[PDB]
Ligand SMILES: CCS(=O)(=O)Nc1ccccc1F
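Taking the form deposited without N-(2-fluorophenyl)ethanesulfonamide (VVG), here's one chain by itself in C-alpha cells.
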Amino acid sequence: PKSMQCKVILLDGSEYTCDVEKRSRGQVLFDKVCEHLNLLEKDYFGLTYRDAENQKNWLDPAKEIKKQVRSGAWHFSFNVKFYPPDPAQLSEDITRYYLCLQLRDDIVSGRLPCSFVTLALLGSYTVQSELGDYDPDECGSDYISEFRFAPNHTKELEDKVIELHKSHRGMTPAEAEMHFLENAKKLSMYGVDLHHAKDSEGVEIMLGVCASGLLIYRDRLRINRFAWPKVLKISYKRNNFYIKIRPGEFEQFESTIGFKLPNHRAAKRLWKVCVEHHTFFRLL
C-alpha cells in the first residue's frame, strides 16, 4: 500500500509530517492533523494548499488529495475555514485557542485591519495568555516583544501593549483568549474571505464571503450586503460568477447580479466558498 508524505504548517508556525495512502481523501489527512492538535470541534477548520497558479485552495475532505494537489507538492496549511460569529458559544477552550492563533496571523498579515488601540488590546491579551501576569524585570523602558502584533510595529504600539498588559493581572489563559475573541469578533473584516472581481460595467470591486452573507466593496462610499437568506441561487460560467437576489415583497421576479473573475478557476473557487458558507451558516 503506497503512502505519500504530507507536510502541514500549523497555526503556531511549526510543521506536522505524516503519511497517508496515495489515493486517500482529504478527510484522512485532516483527521490525523486534528488528532495531533487534540481538536474536537473540527467543523470550523480545514487544510489549504497552493495550486499551479499559487492561489490558496481549500482541500475538499470528500475528494482524493492527489486529484486536488495534482502536479504540486503535498504541502498544506491548517486554517480556520468558518469563523464563528460568537466564539463564546464554542464548547472547548482549545478551539478558541486555535481561532486566536489564526486571528493573530490575520492581523500580522493585514487581512484583518485593526485600529492602533485594538492592535494594542489584542496584543495585551495574547501576552497575558502566553506569559501570564506583567513582570517589570523582563520589560524595561526599551522593551520590544518577540510577539508579532501588527503588520507594522512601532515603539508606541509596544508601549501600549505593556500598559494594557499591566491591567490584566490574575487573568488565566482561557479568560485572556475569550477577551481577545470578544474584541476581534467585532472588527468589520472579521472572518471575511476577500475575492478580487469586476462588476457588469468592468469596475474593480472586492467580494467578501462571511457568516452573515456576501459583501460587495465598491467605493468605500457604497458597500452592498446580501444576507444569506436573500441569496436564492449561486452559479459560475467561464470567468463569470452570478448571484440570484430575492424579489422584495410584492415583486414578481428574482434579480441577477453578475461578476467577472480573473479566470475560470477563480470563479469556481468563489462559487464553492459561497455554497459552503451558505450551508454552514444556514445550520448554525
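In this text, residue numbers run from 1 along the sequence as written. For clarity, a rigid core is taken as the largest C-alpha set superposing within 1.5 Å between two forms.
A.B. asks: Can you check whether 186-194 or 141-149 lies farther from the displayed model in 8 other deposited structures of this protein, averaging C-alpha distances as RMS after superposing on the core?
C.D. replies: Higher average C-alpha offset in 8 other deposited structures of this protein goes to 141-149.
A.B. asks: Name the stretch that deviates more in 8 other deposited structures of this protein: 71-79, or 109-117? Use RMS CA distance to the shown form, core superposed.
C.D. replies: Evaluated in 8 other deposited structures of this protein, the stretch farther from the shown form is 71-79.
A.B. asks: Per the PDB record, is the mean Cα temperature factor higher over 87-95 or over 100-108?
C.D. replies: The deposited B-factors put 87-95 ahead on the C-alpha mean.
A.B. asks: Would you tell me which stretch averages the higher CA B-factor in the PDB entry, 64-72 or 224-232?
C.D. replies: Looking at the record's C-alpha B-factors, the answer is 224-232.
A.B. asks: Which one, 27, 239, 38, 57, has the peak C-alpha temperature factor per the PDB entry?
C.D. replies: The listed residue with the largest C-alpha B-factor is 239.
A.B. asks: Sorting 146, 159, 177, 193 by Cα temperature factor from the record, which one lands on top?
C.D. replies: When the deposited C-alpha B-factors of 146, 159, 177, 193 are compared, 146 is largest.
A.B. asks: Can you work out whether the C-alpha temperature factor of residue 33 puts it in the lowest, middle or highest third of the chain?
C.D. replies: It falls in the bottom third of the chain.
A.B. asks: How does residue 214 rank on Cα B-factor within its chain, lowest, middle or highest third?
C.D. replies: Its C-alpha B-factor, which the entry lists for residue 214, ranks in the middle third among residues of this chain.
A.B. asks: Which third of the chain holds residue 200 when residues are ordered by C-alpha B factor: lowest, middle or highest?
C.D. replies: Highest third.
A.B. asks: Among the modelled residues of its chain, does the C-alpha B-factor of residue 129 lie in the lowest, middle or highest third?
C.D. replies: As the PDB entry reports it, the C-alpha B-factor of residue 129 lands in the middle third of its chain.
A.B. asks: According to the PDB entry, is the CA B factor of residue 8 in the bottom, middle or top third of its chain, that is, lowest, middle or highest?
C.D. replies: Lowest third.
Another form exists, solved in complex with N-(2-fluorophenyl)ethanesulfonamide (VVG); not displayed. Remarks below refer to it.
A.B. asks: For the unliganded chain shown, is the site open or blocked after superimposing N-(2-fluorophenyl)ethanesulfonamide (VVG) from its bound pose in the deposited complex, using a cut-off of 2.4 Å to backbone and C-beta atoms and a threshold of 3 ligand atoms?
C.D. replies: Blocked: 3+ ligand atoms clash with backbone or C-beta.
A.B. asks: Within 4.5 Å, heavy atoms only: does residue 163 come near N-(2-fluorophenyl)ethanesulfonamide (VVG) in the deposited complex?
C.D. replies: Output for residue 163 is no: heavy atoms all beyond 4.5 Å of N-(2-fluorophenyl)ethanesulfonamide (VVG).
A.B. asks: Flag residue 132 as yes or no: does it have a non-hydrogen atom within 4.5 angstroms of any non-hydrogen atom of N-(2-fluorophenyl)ethanesulfonamide (VVG) in the deposited complex?
C.D. replies: Answer no; every heavy atom of residue 132 is more than 4.5 Å from N-(2-fluorophenyl)ethanesulfonamide (VVG) in the deposited complex.
A.B. asks: Using 4.5 Å between non-hydrogen atoms, is residue 44 touching N-(2-fluorophenyl)ethanesulfonamide (VVG) in the deposited complex?
C.D. replies: Within the cut-off, so yes.
A.B. asks: When the contact criterion is heavy atoms within 4.5 Å, does residue 89 count as touching N-(2-fluorophenyl)ethanesulfonamide (VVG) in the deposited complex?
C.D. replies: Yes, residue 89 is a contact residue.
A.B. asks: May I ask you to list the residues of 266-284 that have any heavy atom within 4.5 angstroms of N-(2-fluorophenyl)ethanesulfonamide (VVG) in the deposited complex, in sequence order?
C.D. replies: Result: 280, 281, 283, 284.
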